[PDB]
Amino acid sequence: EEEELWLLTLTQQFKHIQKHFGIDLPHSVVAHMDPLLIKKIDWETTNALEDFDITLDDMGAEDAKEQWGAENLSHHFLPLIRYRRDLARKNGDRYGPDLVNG
Amino acid sequence: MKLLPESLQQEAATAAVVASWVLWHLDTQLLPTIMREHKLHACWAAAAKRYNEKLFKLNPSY
Amino acid sequence: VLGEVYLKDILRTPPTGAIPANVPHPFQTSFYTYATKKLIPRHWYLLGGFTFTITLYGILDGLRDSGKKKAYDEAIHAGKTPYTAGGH
Amino acid sequence: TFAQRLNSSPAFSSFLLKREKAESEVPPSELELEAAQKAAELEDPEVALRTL
Amino acid sequence: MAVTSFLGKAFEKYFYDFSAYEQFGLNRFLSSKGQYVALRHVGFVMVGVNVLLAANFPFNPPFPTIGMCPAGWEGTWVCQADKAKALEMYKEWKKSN
Amino acid sequence: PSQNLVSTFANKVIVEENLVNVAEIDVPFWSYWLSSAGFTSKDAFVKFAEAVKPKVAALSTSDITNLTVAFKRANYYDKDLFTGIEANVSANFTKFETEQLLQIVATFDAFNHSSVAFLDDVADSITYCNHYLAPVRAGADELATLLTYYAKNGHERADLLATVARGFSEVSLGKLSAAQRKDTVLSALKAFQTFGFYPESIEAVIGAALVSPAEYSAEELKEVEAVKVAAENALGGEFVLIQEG
Amino acid sequence: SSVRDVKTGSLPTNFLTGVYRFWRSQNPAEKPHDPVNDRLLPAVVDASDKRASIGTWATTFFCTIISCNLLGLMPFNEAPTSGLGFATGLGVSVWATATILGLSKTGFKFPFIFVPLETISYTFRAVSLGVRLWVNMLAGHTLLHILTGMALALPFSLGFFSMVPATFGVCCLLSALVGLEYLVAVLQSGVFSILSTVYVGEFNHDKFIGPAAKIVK
Amino acid sequence: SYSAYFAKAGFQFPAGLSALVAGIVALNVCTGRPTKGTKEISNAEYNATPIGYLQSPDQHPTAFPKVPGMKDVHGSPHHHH
Amino acid sequence: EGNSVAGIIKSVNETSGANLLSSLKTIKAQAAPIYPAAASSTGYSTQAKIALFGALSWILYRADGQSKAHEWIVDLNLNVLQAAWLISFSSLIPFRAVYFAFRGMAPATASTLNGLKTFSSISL
Ligand SMILES: [Zn+2]
């Protein structure tokens, strides 16, 4: 039960999108539940890259398409690695993935 | 019949006002809404293999 | 524990109180953000093409009235009525 | 099921889709039907604890 | 009634299950329903043409007649192919009629 | 007496003491636009820095960006204002953009002011709370300022360095003048070796120096060639410039 | 100041997604020789910054012309693209957008006896793009006016609801011309904006910047 | 389940339609020329003319004309024929 | 409005063992999402009346000038020809097949959502 808030928020939020997306989910509830996904989607529309996944499909970039999707849900792991970093800072250590060789 | 209008510039400017409103309405109102729900689905379908493998490596529950 | 100060403004659950307002895009908020970030950098070719047509069709509207004025003066300087007197 | 959640969508209370059913297009599969029933048993969280 | 809620439900059950293709029988004479619609369409046009003409019948036609006259008119203002001529004859006919 | 009444009106109504008395309502609006017109005025900016301090904790993110780049252009450093600014950023770090954080950091990099909680919440926001191509829209003279601010303060965030290394390419450095490209390439390679992080896009900041080495010294090209050999065995190969075609 | 709420998966959202993704597919991006990774990502983003928004422009002209062409098939309404300045004013504006795009590829300077013959056939594209939309919306509506006058000559002369096999064969000919006009309304908005992607896509080509220095193996 | 949230907000126009209608109207009223069948006269003529003589017959066609070309008004009989 | 999983975790932590299994349906419903209830009608908005009076003000004005158009009986018999196809389109278009054909135009509705496969996000 140490990191059960984060793992069950991911579960409950995706299960509510999946149950309702493309049927009746409002856009206000998506932007409530996932505000930084909407924030990063709006960056592509603002900065004229609203077809960026069509661009990566035109140039066959199937591994930069998987990086594009993974970097836009990249903030789902931020409540964990801000928690594990504040464990290791108060325990004197350094967080592992913050370091180059570590 | 009716071939030339009373003003050609008034009809050409009606076409430029209508097609620039459709450009504004698409860019501002429609296409943000299109891409908010196209790219929720597309980011989840592109990340799904690397999201779940990153989450498998993270949760200590196994 | 991981205790909801880490999930703040990152991950929220489906709302229980009331459905919130939709988050505006920056373009729906202000026309100045649309105009300077998208309309002028990306669509100035269209706005130049709509400007060319309104200008060109104002040349052709100017040629059409300078040809109406030429045929009008050439009837009142020639003793004729410049039109077919309506019909009624 | 998905077609049963589409029937109560705002789209199917519209005028041109009012007498239509979403199962008429692609029907729910046998796994989707048996997992909607299994999910109905487990909406009681006491039944989900004792099953588990 | 509620003005948006009554006849929306009346038009709904006029649109959907009110069907004169089956309530008036009519499968005895027609092959499909795709050809009942294809002549209810042409039936709507022929009825709508005959209503628009008859709702103001004594009129000089703007369209070209093909050398035909409606009824016992044949030389009146209704059949006159010169329009400034028939305006004079209609104004004479309107005092009498 | 028409000239006398106008001159009397000009010495008691339009001065800079009443220009800062209408500027008390919204501070970061008037702070930002006046400083862009060239109005530095060091002790008129002290009237700003205390009129805004009961408001910094509740400012929007474009207001905080307007305070820091105005107080950078006026070069005034109020240390107890700039801790309320970094407590606005590190409390609302998910709402800031890379366009906004790269201007706040360059203010905090001039005035050598940092926190560890601020350096994490700027790096958490650029990497996770912002689009991953937002460094590509940045311009490499601002990214090199962010790279050295993390090397001055000794802060190794290897996730942030992979993000900022996207925004170094031939495209982003080609938009720089060669006086400013040189000041950036040396500033970016000095930060990339301080962490020992040699990404695959270090071969565009190295190749921005080796394609025109007549602007560099032999001391600075020794600095560049130190990073080139350090990056060659990290990436597992040898450097080679490309003649186009 | 408060925007409206949108249901996800609405039918106008699904139609305009497929329409936009269609016109965007007409000028696809070209694959670089390099693999697309974080090295090539600013070159791909800059390749998209230099491409014209023909995906947005062509669905602007699709949606503004199919809405105008289909007004002509609503009762009591005429198509705005049946006017000469409207329909040819959209055709010149596409042609000028292509030319302004092709003139900016340099420094706005305009490009032996061959090139007046490439220019003529290129300057005729201006009038041909708009007149094809105008004449189709005019010639279909004009034929419908003539044949409705002929089909009204029979019930005017003969009986109302009488001698009905003569007017049935021409009311079904009138009905099949309004049906062809629904096809020409959708086709000419498609042909206008297929051709807008072709004309504007001719000057939609720039140099891929790419890596100037590499660490091979 | 969210179906009754979308029935609450009823009809709504497109989100900038008041700028389309104010742009099409401002092109049809700011023509910069007289109003299609009329001619600008002097004030001395407008104050001296009856409103039955300012009207032209061409500008008032008959609302459902029994003969093609019927007009509702007749205008000035003082023609310059 | 804090998140409902931390409301579940708090409401399950401060219950006892005896009333745990009874409380589980009121902690389930305290963390269910809001689906707002079907309010009363208040029909025909202030903009749905502008849209129908303005369309009636347009249809009457267009039929007014159609009736004095010198081809007025041909103009008024074209509205009968044009409205005959609006009637035949309500009776021939498969509106459920068209609805599911537009759902396939969009990749967001042409498939199901795909992330988060339940074995990766357990908490045992
Ligand atoms: Zn007509």
# chains A, B, ... in the order shown; residues from 1 in each chain; ligands from 1
$ residues_around --residues "segment 29-32 of chain D" --least-positions-apart "3" --cutoff "9 Å" --atoms "only C-alpha atoms" --output "number ranges by chain"
D: 1-2, 26, 35-37
$ residues_near_ligand --ligand "ligand 1" --cutoff "12 Å" --atoms "only C-alpha atoms and all ligand atoms" --output "PyMOL selection string"
(chain B and resi 2) or (chain G and resi 71-80+82+137-138+140-146+148-149+178) or (chain I and resi 62-63+65-67+69-82)
$ write_last_selection --atoms "N, CA and C atoms" --output "short mmCIF file (atom, residue, chain, number, x, y, z; two decimals), in the first residue's frame"
data_model
loop_
_atom_site.label_atom_id
_atom_site.label_comp_id
_atom_site.auth_asym_id
_atom_site.auth_seq_id
_atom_site.Cartn_x
_atom_site.Cartn_y
_atom_site.Cartn_z
N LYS B 2 -28.67 35.50 -65.63
CA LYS B 2 -27.72 36.15 -64.73
C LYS B 2 -26.34 35.53 -64.95
N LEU G 71 -26.40 23.79 -51.01
CA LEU G 71 -27.46 24.76 -50.82
C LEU G 71 -28.34 24.87 -52.04
N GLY G 72 -27.78 24.68 -53.23
CA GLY G 72 -28.57 24.75 -54.44
C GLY G 72 -29.60 23.67 -54.58
N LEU G 73 -29.49 22.61 -53.79
CA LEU G 73 -30.42 21.50 -53.78
C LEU G 73 -31.38 21.54 -52.61
N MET G 74 -31.23 22.50 -51.73
CA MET G 74 -32.26 22.75 -50.75
C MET G 74 -33.36 23.59 -51.38
N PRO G 75 -34.61 23.37 -50.99
CA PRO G 75 -35.69 24.20 -51.52
C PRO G 75 -35.57 25.63 -51.05
N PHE G 76 -36.03 26.54 -51.91
CA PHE G 76 -36.00 28.00 -51.79
C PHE G 76 -34.60 28.57 -51.81
N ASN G 77 -33.59 27.79 -52.17
CA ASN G 77 -32.22 28.24 -52.07
C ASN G 77 -31.49 28.03 -53.38
N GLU G 78 -30.52 28.89 -53.63
CA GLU G 78 -29.62 28.74 -54.75
C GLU G 78 -28.22 28.55 -54.21
N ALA G 79 -27.40 27.94 -55.01
CA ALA G 79 -26.03 27.71 -54.63
C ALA G 79 -25.25 29.01 -54.76
N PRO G 80 -24.44 29.37 -53.77
CA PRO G 80 -23.60 30.55 -53.94
C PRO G 80 -22.53 30.35 -54.98
N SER G 82 -22.96 29.07 -57.76
CA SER G 82 -23.55 29.32 -59.05
C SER G 82 -23.37 30.76 -59.48
N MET G 137 -22.32 24.24 -61.72
CA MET G 137 -23.41 24.64 -60.85
C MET G 137 -24.42 25.48 -61.59
N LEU G 138 -24.02 26.10 -62.68
CA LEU G 138 -24.91 26.87 -63.53
C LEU G 138 -25.60 26.02 -64.57
N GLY G 140 -26.21 22.80 -64.68
CA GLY G 140 -27.15 21.85 -64.14
C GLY G 140 -28.43 22.50 -63.69
N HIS G 141 -28.34 23.69 -63.11
CA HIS G 141 -29.52 24.39 -62.66
C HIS G 141 -30.29 25.01 -63.82
N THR G 142 -29.59 25.39 -64.89
CA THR G 142 -30.26 26.00 -66.03
C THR G 142 -31.06 24.97 -66.81
N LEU G 143 -30.51 23.77 -67.00
CA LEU G 143 -31.24 22.69 -67.66
C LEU G 143 -32.48 22.30 -66.87
N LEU G 144 -32.40 22.41 -65.56
CA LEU G 144 -33.53 22.09 -64.72
C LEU G 144 -34.62 23.13 -64.84
N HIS G 145 -34.24 24.38 -65.11
CA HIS G 145 -35.22 25.43 -65.35
C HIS G 145 -35.91 25.27 -66.68
N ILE G 146 -35.19 24.81 -67.70
CA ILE G 146 -35.78 24.66 -69.01
C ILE G 146 -36.73 23.48 -69.03
N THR G 148 -38.24 22.13 -66.46
CA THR G 148 -39.43 22.33 -65.65
C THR G 148 -40.44 23.20 -66.38
N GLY G 149 -39.98 24.07 -67.28
CA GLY G 149 -40.88 24.84 -68.09
C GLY G 149 -41.55 23.99 -69.14
N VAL G 178 -32.37 16.23 -60.83
CA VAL G 178 -32.04 16.69 -59.50
C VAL G 178 -31.18 15.67 -58.79
N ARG I 62 -37.21 34.14 -49.27
CA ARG I 62 -36.78 33.56 -50.53
C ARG I 62 -37.96 33.14 -51.37
N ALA I 63 -39.06 32.70 -50.76
CA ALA I 63 -40.26 32.40 -51.51
C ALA I 63 -41.01 33.64 -51.93
N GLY I 65 -39.44 36.53 -53.07
CA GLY I 65 -38.78 36.95 -54.28
C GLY I 65 -38.71 35.91 -55.36
N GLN I 66 -39.01 34.66 -55.02
CA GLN I 66 -39.19 33.64 -56.04
C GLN I 66 -40.50 33.78 -56.76
N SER I 67 -41.50 34.35 -56.10
CA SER I 67 -42.82 34.46 -56.67
C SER I 67 -42.98 35.67 -57.56
N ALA I 69 -40.33 36.47 -59.97
CA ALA I 69 -38.99 36.33 -60.53
C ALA I 69 -38.98 36.23 -62.04
N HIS I 70 -40.12 36.44 -62.70
CA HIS I 70 -40.41 36.33 -64.13
C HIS I 70 -40.45 34.89 -64.62
N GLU I 71 -39.94 33.96 -63.84
CA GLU I 71 -40.09 32.54 -64.08
C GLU I 71 -40.65 31.92 -62.84
N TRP I 72 -41.63 32.60 -62.27
CA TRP I 72 -42.04 32.39 -60.88
C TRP I 72 -42.66 31.02 -60.69
N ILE I 73 -43.38 30.53 -61.70
CA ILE I 73 -43.99 29.22 -61.57
C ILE I 73 -42.95 28.14 -61.81
N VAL I 74 -41.89 28.45 -62.53
CA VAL I 74 -40.82 27.48 -62.67
C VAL I 74 -39.95 27.48 -61.42
N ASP I 75 -39.76 28.64 -60.80
CA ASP I 75 -39.00 28.72 -59.55
C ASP I 75 -39.73 28.02 -58.42
N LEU I 76 -41.04 28.21 -58.33
CA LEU I 76 -41.79 27.58 -57.26
C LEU I 76 -42.02 26.10 -57.50
N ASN I 77 -41.92 25.64 -58.74
CA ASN I 77 -41.95 24.21 -58.99
C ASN I 77 -40.58 23.56 -58.94
N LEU I 78 -39.52 24.33 -58.75
CA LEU I 78 -38.25 23.70 -58.45
C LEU I 78 -38.08 23.39 -56.98
N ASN I 79 -38.71 24.16 -56.10
CA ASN I 79 -38.72 23.80 -54.69
C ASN I 79 -39.50 22.53 -54.44
N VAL I 80 -40.44 22.19 -55.30
CA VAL I 80 -41.12 20.90 -55.19
C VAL I 80 -40.22 19.79 -55.68
N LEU I 81 -39.41 20.06 -56.70
CA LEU I 81 -38.48 19.06 -57.18
C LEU I 81 -37.33 18.85 -56.23
N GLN I 82 -36.90 19.91 -55.56
CA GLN I 82 -35.79 19.80 -54.64
C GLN I 82 -36.20 19.18 -53.32
#
$ select_by_dssp --residues "chain H" --states "alpha helix (DSSP H)" --output "list in words"
residues 17, 18, 19, 20, 21, 22, 23, 24, 25, 26, 27, 28, 43, 44, 45, 46, 47, 48, 51, 52, 53 and 54 of chain H
$ residues_around --residues "residue 2 of chain H" --least-positions-apart "5" --cutoff "7 Å" --atoms "only C-alpha atoms" --output "ChimeraX atom specification"
/A:24-25 /I:35-36
$ residues_around --residues "segment 65-75 of chain E" --least-positions-apart "3" --cutoff "6 Å" --atoms "only C-alpha atoms" --output "MDAnalysis selection string"
(chainID E and resid 79) or (chainID G and resid 153 156:158)
$ write_last_selection --atoms "C-alpha atoms" --output "mmCIF file, in the first residue's frame"
data_model
loop_
_atom_site.group_PDB
_atom_site.id
_atom_site.type_symbol
_atom_site.label_atom_id
_atom_site.label_comp_id
_atom_site.auth_asym_id
_atom_site.auth_seq_id
_atom_site.Cartn_x
_atom_site.Cartn_y
_atom_site.Cartn_z
ATOM 1 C CA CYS E 79 -52.658 31.823 -74.546
ATOM 2 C CA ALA G 153 -46.496 23.010 -70.445
ATOM 3 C CA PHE G 156 -51.120 23.730 -68.059
ATOM 4 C CA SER G 157 -52.508 22.764 -71.442
ATOM 5 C CA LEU G 158 -54.046 19.411 -70.635
#
$ residues_around --residues "residue 100 of chain G" --least-positions-apart "2" --cutoff "10 Å" --atoms "only C-alpha atoms" --output "ChimeraX atom specification"
/C:44-46,48-49,52 /G:94-98,102-105,108,200,203
$ write_last_selection --atoms "N, CA and C atoms" --output "compact mmCIF listing (two decimals), in the first residue's frame"
# COMPACT_ATOMS: atom_id res chain seq x y z
N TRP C 44 -0.68 32.43 -44.43
CA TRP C 44 -0.60 33.71 -45.13
C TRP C 44 -0.58 33.54 -46.64
N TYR C 45 -0.33 32.34 -47.13
CA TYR C 45 -0.47 32.08 -48.55
C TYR C 45 -1.92 32.12 -48.97
N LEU C 46 -2.84 31.62 -48.14
CA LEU C 46 -4.25 31.74 -48.47
C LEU C 46 -4.74 33.16 -48.36
N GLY C 48 -3.00 35.79 -48.73
CA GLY C 48 -2.49 36.49 -49.88
C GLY C 48 -3.23 36.13 -51.14
N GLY C 49 -3.72 34.90 -51.24
CA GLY C 49 -4.47 34.51 -52.41
C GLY C 49 -5.88 35.05 -52.42
N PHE C 52 -5.32 38.71 -53.45
CA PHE C 52 -5.09 38.88 -54.87
C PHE C 52 -6.38 38.85 -55.66
N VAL G 94 -7.21 29.83 -55.01
CA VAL G 94 -6.37 28.64 -54.92
C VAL G 94 -5.16 28.79 -55.82
N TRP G 95 -5.35 29.33 -57.01
CA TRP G 95 -4.25 29.48 -57.94
C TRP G 95 -3.26 30.52 -57.44
N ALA G 96 -3.74 31.55 -56.77
CA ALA G 96 -2.82 32.54 -56.25
C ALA G 96 -2.11 32.04 -55.02
N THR G 97 -2.75 31.17 -54.24
CA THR G 97 -2.12 30.56 -53.09
C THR G 97 -1.01 29.62 -53.50
N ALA G 98 -1.21 28.90 -54.60
CA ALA G 98 -0.15 28.07 -55.12
C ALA G 98 0.99 28.91 -55.64
N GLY G 102 4.78 29.20 -54.37
CA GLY G 102 5.90 28.95 -55.25
C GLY G 102 6.80 30.14 -55.48
N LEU G 103 6.30 31.35 -55.27
CA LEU G 103 7.14 32.52 -55.36
C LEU G 103 7.97 32.74 -54.12
N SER G 104 7.51 32.29 -52.97
CA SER G 104 8.25 32.46 -51.74
C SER G 104 9.35 31.43 -51.56
N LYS G 105 9.31 30.36 -52.37
CA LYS G 105 10.34 29.29 -52.30
C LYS G 105 11.70 29.90 -52.63
N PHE G 108 10.73 35.94 -53.81
CA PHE G 108 9.59 36.62 -54.43
C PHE G 108 9.96 37.22 -55.78
N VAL G 200 -1.18 23.26 -55.41
CA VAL G 200 -0.40 23.76 -54.29
C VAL G 200 0.70 22.78 -53.93
N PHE G 203 4.54 23.11 -55.49
CA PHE G 203 5.56 23.92 -54.85
C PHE G 203 5.75 23.56 -53.39
$ select_by_dssp --residues "chain G" --states "strand (DSSP E or B)" --output "list in words"
residues 7, 213, 214, 215 and 216 of chain G
$ residues_around --residues "residue 61 of chain C" --least-positions-apart "2" --cutoff "8 Å" --atoms "only C-alpha atoms" --output "ChimeraX atom specification"
/B:7-9 /C:57-59,63-65
$ residues_around --residues "segment 99-113 of chain F" --least-positions-apart "3" --cutoff "7 Å" --atoms "only C-alpha atoms" --output "PDB file with N, CA, C and O atoms, in the first residue's frame"
ATOM      1  N   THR F  65       6.196  34.478 -16.079  1.00  0.00           N
ATOM      2  CA  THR F  65       7.166  34.653 -17.148  1.00  0.00           C
ATOM      3  C   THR F  65       7.374  36.121 -17.463  1.00  0.00           C
ATOM      4  O   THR F  65       8.477  36.530 -17.815  1.00  0.00           O
ATOM      5  N   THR F  68       9.785  37.668 -14.601  1.00  0.00           N
ATOM      6  CA  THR F  68      11.198  37.328 -14.580  1.00  0.00           C
ATOM      7  C   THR F  68      11.940  37.918 -15.765  1.00  0.00           C
ATOM      8  O   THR F  68      13.067  38.382 -15.611  1.00  0.00           O
ATOM      9  N   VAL F  69      11.341  37.932 -16.952  1.00  0.00           N
ATOM     10  CA  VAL F  69      12.078  38.520 -18.065  1.00  0.00           C
ATOM     11  C   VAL F  69      12.008  40.031 -18.068  1.00  0.00           C
ATOM     12  O   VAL F  69      12.725  40.663 -18.844  1.00  0.00           O
ATOM     13  N   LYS F  72      14.779  40.661 -15.507  1.00  0.00           N
ATOM     14  CA  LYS F  72      16.051  40.354 -16.132  1.00  0.00           C
ATOM     15  C   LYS F  72      16.517  41.501 -17.003  1.00  0.00           C
ATOM     16  O   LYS F  72      17.696  41.857 -16.982  1.00  0.00           O
ATOM     17  N   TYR F  77      17.558  42.435  -9.026  1.00  0.00           N
ATOM     18  CA  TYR F  77      17.497  41.116  -8.405  1.00  0.00           C
ATOM     19  C   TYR F  77      16.992  41.263  -6.979  1.00  0.00           C
ATOM     20  O   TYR F  77      17.751  41.624  -6.079  1.00  0.00           O
ATOM     21  N   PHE F  96       3.451  25.126 -16.417  1.00  0.00           N
ATOM     22  CA  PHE F  96       4.410  25.939 -17.127  1.00  0.00           C
ATOM     23  C   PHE F  96       4.802  25.260 -18.416  1.00  0.00           C
ATOM     24  O   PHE F  96       4.788  24.038 -18.521  1.00  0.00           O
ATOM     25  N   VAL F 122      11.659  22.255 -12.453  1.00  0.00           N
ATOM     26  CA  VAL F 122      11.821  22.738 -13.814  1.00  0.00           C
ATOM     27  C   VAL F 122      12.190  21.585 -14.730  1.00  0.00           C
ATOM     28  O   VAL F 122      11.701  21.485 -15.854  1.00  0.00           O
ATOM     29  N   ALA F 138      12.631  25.676 -29.608  1.00  0.00           N
ATOM     30  CA  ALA F 138      13.152  26.569 -28.582  1.00  0.00           C
ATOM     31  C   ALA F 138      14.226  27.513 -29.082  1.00  0.00           C
ATOM     32  O   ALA F 138      14.261  28.674 -28.672  1.00  0.00           O
ATOM     33  N   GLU F 142      18.776  29.318 -26.002  1.00  0.00           N
ATOM     34  CA  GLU F 142      18.059  29.206 -24.746  1.00  0.00           C
ATOM     35  C   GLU F 142      18.243  27.853 -24.109  1.00  0.00           C
ATOM     36  O   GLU F 142      18.167  27.738 -22.887  1.00  0.00           O
ATOM     37  N   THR F 145      21.595  27.843 -22.294  1.00  0.00           N
ATOM     38  CA  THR F 145      21.449  28.499 -21.003  1.00  0.00           C
ATOM     39  C   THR F 145      20.853  27.561 -19.966  1.00  0.00           C
ATOM     40  O   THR F 145      21.223  27.608 -18.793  1.00  0.00           O
ATOM     41  N   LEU F 146      19.938  26.693 -20.378  1.00  0.00           N
ATOM     42  CA  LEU F 146      19.388  25.718 -19.450  1.00  0.00           C
ATOM     43  C   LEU F 146      20.381  24.606 -19.158  1.00  0.00           C
ATOM     44  O   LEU F 146      20.388  24.056 -18.055  1.00  0.00           O
ATOM     45  N   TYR F 149      22.941  26.044 -16.553  1.00  0.00           N
ATOM     46  CA  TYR F 149      22.326  26.276 -15.259  1.00  0.00           C
ATOM     47  C   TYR F 149      22.182  24.986 -14.473  1.00  0.00           C
ATOM     48  O   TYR F 149      22.116  25.015 -13.246  1.00  0.00           O
TER      49      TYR F 149
END
$ interface_residues --of "chain E" --to "chain D" --cutoff "12 Å" --atoms "only C-alpha atoms" --output "PyMOL selection string"
chain E and resi 8-9+11-13+15-17
$ interface_residues --of "chain I" --to "chain D" --cutoff "7 Å" --atoms "only C-alpha atoms" --output "list in words"
residues 21, 24, 25, 95 and 96 of chain I
$ write_last_selection --atoms "C-alpha atoms" --output "PDB file, in the first residue's frame"
ATOM      1  CA  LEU I  21     -18.110  -5.918   4.241  1.00  0.00           C
ATOM      2  CA  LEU I  24     -18.309  -1.717   0.650  1.00  0.00           C
ATOM      3  CA  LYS I  25     -21.402  -0.665  -1.297  1.00  0.00           C
ATOM      4  CA  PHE I  95     -29.043   5.724 -41.347  1.00  0.00           C
ATOM      5  CA  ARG I  96     -27.612   3.079 -39.064  1.00  0.00           C
TER       6      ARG I  96
END
$ decode --residues "segment 65-78 of chain I" --atoms "N, CA, C and O atoms" --output "compact mmCIF listing (two decimals), in the first residue's frame"
# COMPACT_ATOMS: atom_id res chain seq x y z
N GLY I 65 -39.44 36.53 -53.07
CA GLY I 65 -38.78 36.95 -54.28
C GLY I 65 -38.71 35.91 -55.36
O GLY I 65 -38.35 36.22 -56.48
N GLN I 66 -39.01 34.66 -55.02
CA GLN I 66 -39.19 33.64 -56.04
C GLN I 66 -40.50 33.78 -56.76
O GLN I 66 -40.62 33.35 -57.90
N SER I 67 -41.50 34.35 -56.10
CA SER I 67 -42.82 34.46 -56.67
C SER I 67 -42.98 35.67 -57.56
O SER I 67 -44.05 35.85 -58.13
N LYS I 68 -41.96 36.50 -57.70
CA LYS I 68 -42.00 37.61 -58.62
C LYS I 68 -40.75 37.63 -59.49
O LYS I 68 -40.18 38.69 -59.76
N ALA I 69 -40.33 36.47 -59.97
CA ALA I 69 -38.99 36.33 -60.53
C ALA I 69 -38.98 36.23 -62.04
O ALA I 69 -37.92 35.90 -62.60
N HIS I 70 -40.12 36.44 -62.70
CA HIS I 70 -40.41 36.33 -64.13
C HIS I 70 -40.45 34.89 -64.62
O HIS I 70 -41.03 34.60 -65.66
N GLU I 71 -39.94 33.96 -63.84
CA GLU I 71 -40.09 32.54 -64.08
C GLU I 71 -40.65 31.92 -62.84
O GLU I 71 -40.22 30.86 -62.40
N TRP I 72 -41.63 32.60 -62.27
CA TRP I 72 -42.04 32.39 -60.88
C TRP I 72 -42.66 31.02 -60.69
O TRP I 72 -42.50 30.40 -59.65
N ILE I 73 -43.38 30.53 -61.70
CA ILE I 73 -43.99 29.22 -61.57
C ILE I 73 -42.95 28.14 -61.81
O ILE I 73 -43.08 27.04 -61.28
N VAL I 74 -41.89 28.45 -62.53
CA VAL I 74 -40.82 27.48 -62.67
C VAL I 74 -39.95 27.48 -61.42
O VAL I 74 -39.47 26.43 -60.98
N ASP I 75 -39.76 28.64 -60.80
CA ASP I 75 -39.00 28.72 -59.55
C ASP I 75 -39.73 28.02 -58.42
O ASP I 75 -39.11 27.31 -57.64
N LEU I 76 -41.04 28.21 -58.33
CA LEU I 76 -41.79 27.58 -57.26
C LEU I 76 -42.02 26.10 -57.50
O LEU I 76 -42.30 25.37 -56.56
N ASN I 77 -41.92 25.64 -58.74
CA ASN I 77 -41.95 24.21 -58.99
C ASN I 77 -40.58 23.56 -58.94
O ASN I 77 -40.50 22.35 -59.10
N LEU I 78 -39.52 24.33 -58.75
CA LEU I 78 -38.25 23.70 -58.45
C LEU I 78 -38.08 23.39 -56.98
O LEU I 78 -37.39 22.44 -56.65
